[PDB]
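J.: The structure under discussion is supplied below as structure tokens; questions concerning it will follow.
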Amino acid sequence: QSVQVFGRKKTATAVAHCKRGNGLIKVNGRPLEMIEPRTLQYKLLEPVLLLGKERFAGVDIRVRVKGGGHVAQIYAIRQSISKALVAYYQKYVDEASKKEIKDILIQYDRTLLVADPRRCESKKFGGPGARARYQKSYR
Amino acid sequence: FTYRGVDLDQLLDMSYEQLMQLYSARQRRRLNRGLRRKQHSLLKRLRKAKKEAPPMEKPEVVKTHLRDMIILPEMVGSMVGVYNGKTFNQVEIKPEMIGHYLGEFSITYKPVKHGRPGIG
Amino acid sequence: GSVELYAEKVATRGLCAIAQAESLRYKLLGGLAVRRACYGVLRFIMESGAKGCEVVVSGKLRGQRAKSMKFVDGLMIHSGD
Amino acid sequence: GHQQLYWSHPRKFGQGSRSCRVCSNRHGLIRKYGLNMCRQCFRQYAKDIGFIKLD
Amino acid sequence: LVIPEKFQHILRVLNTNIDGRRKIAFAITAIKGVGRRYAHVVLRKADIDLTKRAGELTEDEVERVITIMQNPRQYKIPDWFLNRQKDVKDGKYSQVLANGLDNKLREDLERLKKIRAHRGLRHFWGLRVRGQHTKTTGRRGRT
Amino acid sequence: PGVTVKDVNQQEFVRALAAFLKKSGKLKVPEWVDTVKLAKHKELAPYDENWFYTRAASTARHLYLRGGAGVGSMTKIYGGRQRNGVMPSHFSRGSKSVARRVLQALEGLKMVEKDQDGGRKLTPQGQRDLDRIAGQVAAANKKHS
Amino acid sequence: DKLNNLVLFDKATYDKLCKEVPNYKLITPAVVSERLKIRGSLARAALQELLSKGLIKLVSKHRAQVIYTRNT
Amino acid sequence: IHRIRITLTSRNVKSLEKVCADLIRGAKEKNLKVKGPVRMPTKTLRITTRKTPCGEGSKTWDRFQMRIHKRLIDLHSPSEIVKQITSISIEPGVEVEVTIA
Amino acid sequence: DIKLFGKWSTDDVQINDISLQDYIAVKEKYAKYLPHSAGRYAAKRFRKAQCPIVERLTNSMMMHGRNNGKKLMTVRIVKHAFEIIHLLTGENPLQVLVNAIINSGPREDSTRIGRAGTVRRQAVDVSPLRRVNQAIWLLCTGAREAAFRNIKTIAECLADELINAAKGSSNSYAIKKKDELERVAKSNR
RNA sequence: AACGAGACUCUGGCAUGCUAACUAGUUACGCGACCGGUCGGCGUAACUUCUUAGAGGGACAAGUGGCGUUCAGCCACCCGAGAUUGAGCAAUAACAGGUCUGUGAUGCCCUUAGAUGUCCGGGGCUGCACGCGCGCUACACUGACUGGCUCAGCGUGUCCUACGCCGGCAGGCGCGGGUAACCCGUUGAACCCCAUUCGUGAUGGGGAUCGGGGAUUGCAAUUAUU
Ligand SMILES: [Mg+2]
Ligand SMILES: [Zn+2]
């Protein structure tokens with residue numbers, strides 16, 4: 001009845017705990033609709049509306065996210081809940097319904113079950129930034 | 001002359017703390033911290049110069065390298081040599097400058113008089 | 001009483017860079033000529049079975065110009081960890 | 001007389017208060033770890049100090 | 001919304017011409033001796049609302065704001081809100097307005113010119129007095 | 001299901017508690033409230049005359065969600081961005097006095113209790129009060145809709 | 001050319017705000033302030049009154065950008 | 001006797017890990033109950049200096065590192081077996097520190 | 001179902017040209033909820049051919065310095081711009097993006113030939129991706145220049161410039177620069 | 001065949017497999033609170049998904065399909081954490097490059113007791129009609145202000161600083177922890193996000209230049225140290 005996952009985007013880490021329950025899904029002490037950009041509301045429910053509400057009716061997810069930036073953290077909760085409903089369907093449900101969940105979530109966004117390896121490079125001397133440099137003058 | 005609604009008589013006769021209180025916070029910072037040996041010495045020598053002075057004539061020139069030394073009201077009327085670093089220069093203490101540093105009266109430098117530029 | 005000095009001979013002294021460069025300095029300090037002594041240390045450490053070596057003496061050799069002499073023998077590696 | 005004024009000053013701070021522990025120079029000192037050497041002598045000895053260049 | 005019939009298009013306070021179709025605090029700011037900050041103090045003291053444009057105010061509100069600004073220390077306008085905290089001669093706390101500000105400037109120039117000090121020499125030759133580096137900059141306005 | 005503080009939009013909560021503190025009638029308001037900035041990083045004194053009751057609201061909920069937050073942390077909470085002249089912008093803290101005496105007034109109104117871990121946590125009574133404002137506001141917002 | 005706008009309303013302009021704006025399809029405070037030569041705060045608060053009157057539909061509101069539509 | 005603590009600090013991991021294995025194995029054979037390796041966050045000393053002596057360069061920056069590693073191992077046992085297993089097993093390159101209770 | 005900004009419908013829109021049918025997105029699949037997907041479309045060549053068109057208009061609206069790093073300013077502004085557009089014309093606001101892209105894009109363009117300092121241009125013809133890109137550029141730049149100080153919201157001013165870019169009027173800064181390009185193309189040939 | 005390129009070392013991405021952790025947390029159970037949950041609130045067993053860091057796996061153009069003397073290799077697609085991680089080190093040779101001023105590293109020249117020595121007290125490198133250069137900040141509506149809501153990482157520390165109390169603000173006082181994944185520190189950094197006020201004019205955009213005051217550092221601040 002219990003399954004645990006983690007989302008990753010850049011330095012932002014999410015942790016999703018799935019128990020059998022009424023379908024309550026909360027993030028670090030508040031529902032999906034209290035999150036900071038409200039503009040970014042719809043990216044959070046994307047797997048939800050994709051997966052259907054029926055499959056979330058029997059799943060209670062408590063989500064703990066710290067690290068990174070504001071925007072990154074919503075990608076983190078996205079990741080957490082998606083990876084959660086795929087990794088829970090493996091253990092406590094069959095592989096057919098996990099294949100249904102996965103075929104629905106994959107063709108929309110590949111970032112649902114995978115993370116972007118990419119993270120900030122190192123600024124080096126001789127410039128203000130990773131590549132970018134200081135001006136030079138002849139004459 | 002008036003400083004904070006207070007004249008030269010009261011200033012001289014006032015205790016050192018009541019002298020301190022009317023100066024700005026900057027003078028208060030260096031005073032409340034105390035004044036040092038090499039300064040109390042110059043204070044004492046300008047006392048002996050002002051005390052030995054003739055009836056109508058101003059006290060003997062006391063030369064000094066202390067620019068950083070604040071002007072007490074007790075130096076009023078006293079001739080202070082201030083070191084500019086080349087030459088001892090001639091300062092005559094008036095009542096208005098009792099808040100200022102001895103130094104600024106001695107200029108640091110010869111004022112720039114420009115002339116035509118040259119090849120570079 | 002908390003310090004104890006123990007001297008131990010370096011086993012192959014040709015294959016020590018510090019040792020034979022030291023003897024190179026010392027031998028040039030002998031008033032010995034540049035070419036003969038350097039070819040000696042080179043031929044010695046080479047013979048010691050070390051895959052390769054190079055010797056470079058730079059400074060005043062002949063006169064007031066600035067000379068750098070370089071004798072190279074066998075394999076040599078430079079770049080890389 | 002002269003014994004009072006030879007070292008007359010509170011040099012407990014400043015640039016001239018500090019010297020490299022090899023070459024006796026006060027220019028460009030590394031004060032971080034209690035290194036107390038100017039940059040050049042630090043760069044000369046880094047091996048034995050155990051500063052390896054990994055980057 | 002409103003449609004005020006009595007509105008002063010041109011106002012006069014303390015020798016200065018005030019524009020009242022502007023907002024209130026930022027109209028009062030126009031005069032010397034007042035910024036937005038001290039304006040908010042005086043207008044929060046006089047009980048005058050900040051929502052009104054400066055032309056809707058009755059003569060009683062303009063006269064009580066004037067009365068507040070002439071006499072700073074009576075109205076509980078904090079001693080650190082005063083332009084000149086302790087003046088050199090009388091030793092008093094006074095809030096300096098347009099003509100008085102300009103005059104105090106002129107005078108504090110004259111004192112330093114008669115005294116023969118460095119601040120004043122600086123202010124005399126047309127140099128920046130704060131010890132700025134005058135090599136590179138401090139050009140514009142010169143021949 | 002009794003709408004504890006965290007299920008509500010927090011700005012509506014801070015709008016609520018700001019008014020509840022004025023309707024209550026018991027608070028200690030500084031003689032200098034109208035006078036000063038809220039920080040060195042700010043230019044213009046706050047427009048709303050309620051700034052002390054809404055800042056005591058914010059202070060109250062930040063100590064609601066975190067105990068152990070004291071004067072240094074109350075000063076650390078308000079981020080300013082200070083733009084200095086021709087020089088770049090840097091970060092600035094809040095006002096010790098006002099944050100600390102918001103907490104001292106809250107200690108005088110018996111909301112805040114002093115913890116053994118050195119900080120300050122809400123009383124049972126203060127927590128009752130906070131979930132009460134939470135209740136009345138969440139209820140008003142979900143019923144009016 | 002320099003721009004004069006009305007700080008507080010006039011009867012003339014008020015007839016325009018009152019009798020006209022509800023027919024306008026898309027309504028924006030900058031649109032109203034452009035055609036009626038009203039100032040910013042006055043036009044903004046004008047639409048704040050046309051809210052309380054119930055003559056205008058409010059679609060969305062974000063900070064300084066507001067969207068208003070004509071009633072039916 | 002309980003809660004004896006051994007703190008190891010060393011310059012390179014190679015020499016270090018082998019000593020930690022000597023101590024955990026050597027103490028585990030005497031059946032002293034052992035809390036095994038706990039590996040603290042690697043502490044690095046980074047120094048950025050100007051390559052050239054006179055600064056006629058392209059403004060090139062030498063980056064020197066040194067890495068220090070700190071590990072802890074916890075034993076439950078008498079003082080004697082620990083002081084003996086420590087004094088008998090010693091390795092070059094590593095510095096050892098003992099705290100107790 | 002997939003609804004843009006929660007109230008729109010992507011699958012009902014239409015493309016009238018074959019060249020821009022293979023490139024312009026948000027018809028079949030690519031339609032999303034929100035513009036910001038933070039994906040890598042500059043990864044490989046023509047991988048940015050497939051990213052959502054609304055995101056494409058979105059990315060180009062940060063294009064001046066202070067607005068640079070802030071992306072959300074745009075998904076704000078693109079939000080109110082669409083909701084404005086639907087009120088004026090009364091059509092799917094994603095039809096208005098299609099028509100403005102189609103009409104604003106150049107057709108023929110001039111390539112500079114000569115020695116530096118002497119501009120003598122010869123007429124060549126635009127590639128489809130280049131058409132899309134230049135078009136959107138023109139849209140965002142027309143919006144900026146038009147909205148600098150008129151005290152217009154960029155929501156208001158972009159809905160303006162977009163609807164006008166769709167109708168074919170000379171109001172749009174876009175249609176203007178296009179018309180100049182094609183005319184120079186005529187001059188040379 | 002050999003050096004240089006690559007390989008290599010250092011850093012980032014992968015591991016729900018392994019080795020484990022009271023100096024990091026998790027799950028579970030208790031007590032605590034306010035209306036079954038919410039809580040960095042307090043304690044015990046449970047373990048490593050998180051958090052560290054070791055071992056070793058993993059990517060080799062590999063798999064499929066196209067362009068190729070079907071040869072190198074080049075393109076597209078899939079399978080996948082990754083089909084381009086960013087730096088260090090750098091040959092045979094040279095420059096009449098920069099370095100007496102980093103060297104108790106020096107060959108000459110000069111200085112050597114009214115010293116080109118050194119210490120002491122002041123001044124000066126900072127000066128101002130002018131050119132040339134990096135760099136900061138802005139010219140506002142994607143903006144300024146005012147309140148409100150939630151985010152980082154690398155490092156620094158015997159100095160960082162917890163919480164009180166007095167202080168409008170800078171600041172005082174104090175009582176505490178940490179040679180540090182223990183204490184500052186759940187490091188509540190800035191945009192951004194949500195409301196508010198402003199309304200195209202030298203405007204609240206921009207803030208130089210100044211006139212007064214408070215506080216710090218220091219022997220010492222005038223030539224504004226901040
Ligand atoms: Mg290499
Ligand atoms: Zn040295």
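As shown in the structure tokens, the chain order sets the letters A, B, ...; within each chain, residues go from 1, and ligands are also counted from 1 in the order they appear.
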For ligand 2, collect every residue having any atom at a distance of at most 12 Å from a ligand atom (counting only C-alpha atoms (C1' of nucleotides) and all ligand atoms); output as a list in words.

T.: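 What falls inside 12 Å of ligand 2 is residues 18, 19, 20, 21, 22, 23, 24, 25, 26, 27, 28, 29, 30, 35, 36, 37, 38, 39, 40, 41, 42, 43, 44 and 45 of chain D; 53 of chain H; 102, 103, 104 and 105 of chain J.
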
J.: Neighbouring residues of ligand 1 are defined here as those with any atom at most 8 Å from a ligand atom, counting only C-alpha atoms (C1' of nucleotides) and all ligand atoms; list them as a list in words.

T.: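 Within the 8 Å cut-off, the matching residues are residues 79 and 80 of chain C; 5, 6, 7, 8, 89 and 90 of chain J.
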
J.: Write out as a PDB file with N, CA and C atoms (P, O5', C5', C4', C3', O3' and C1' of nucleotides), in the first residue's frame the residues lying within 6 Å of range 62-68 of chain B, counting only C-alpha atoms (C1' of nucleotides) and excluding same-chain residues fewer than 6 positions away.

T.:
```
ATOM      1  N   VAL B  80      49.257  79.273  15.731  1.00  0.00           N
ATOM      2  CA  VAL B  80      49.607  77.869  15.556  1.00  0.00           C
ATOM      3  C   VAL B  80      50.320  77.647  14.220  1.00  0.00           C
ATOM      4  N   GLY B  81      51.577  77.218  14.279  1.00  0.00           N
ATOM      5  CA  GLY B  81      52.233  76.717  13.088  1.00  0.00           C
ATOM      6  C   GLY B  81      51.669  75.353  12.747  1.00  0.00           C
ATOM      7  N   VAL B  82      51.154  75.193  11.536  1.00  0.00           N
ATOM      8  CA  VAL B  82      50.671  73.885  11.117  1.00  0.00           C
ATOM      9  C   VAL B  82      51.578  73.386  10.006  1.00  0.00           C
ATOM     10  N   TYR B  83      52.000  72.135  10.135  1.00  0.00           N
ATOM     11  CA  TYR B  83      52.895  71.538   9.161  1.00  0.00           C
ATOM     12  C   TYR B  83      52.135  71.085   7.906  1.00  0.00           C
ATOM     13  N   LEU B 102      42.731  71.656  13.058  1.00  0.00           N
ATOM     14  CA  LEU B 102      43.871  72.550  12.842  1.00  0.00           C
ATOM     15  C   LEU B 102      44.453  72.449  11.443  1.00  0.00           C
ATOM     16  N   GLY B 103      44.407  71.239  10.900  1.00  0.00           N
ATOM     17  CA  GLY B 103      45.068  70.927   9.651  1.00  0.00           C
ATOM     18  C   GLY B 103      44.559  71.673   8.437  1.00  0.00           C
TER      19      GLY B 103
ATOM     20  P     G J 122      51.649  61.872  12.776  1.00  0.00           P
ATOM     21  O5'   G J 122      52.056  62.459  11.355  1.00  0.00           O
ATOM     22  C5'   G J 122      51.145  63.246  10.606  1.00  0.00           C
ATOM     23  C4'   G J 122      51.770  64.543  10.158  1.00  0.00           C
ATOM     24  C3'   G J 122      51.613  64.872   8.684  1.00  0.00           C
ATOM     25  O3'   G J 122      50.356  65.448   8.393  1.00  0.00           O
ATOM     26  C1'   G J 122      53.859  65.198   9.319  1.00  0.00           C
TER      27        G J 122
END
```

J.: Determine, counting only C-alpha atoms (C1' of nucleotides), which protein, DNA and RNA residues have an atom within 8 Å of an atom of residue 98 in chain J; residues of the same chain fewer than 4 positions away are not included. Present the result as a PyMOL selection string.

T.: chain H and resi 54-57

J.: How would you write, as a ChimeraX atom specification, the set of residues in chain C that DSSP gives as strand (DSSP E or B)?

T.: /C:52-59,67-74

J.: Can you tell me, as a PyMOL selection string, what residues are no more than 10 Å from residue 30 in chain A when counting only C-alpha atoms (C1' of nucleotides), ignoring any on the same chain fewer than 3 positions away?

T.: (chain A and resi 25-27+33-35+62-63) or (chain F and resi 5-9) or (chain J and resi 38)
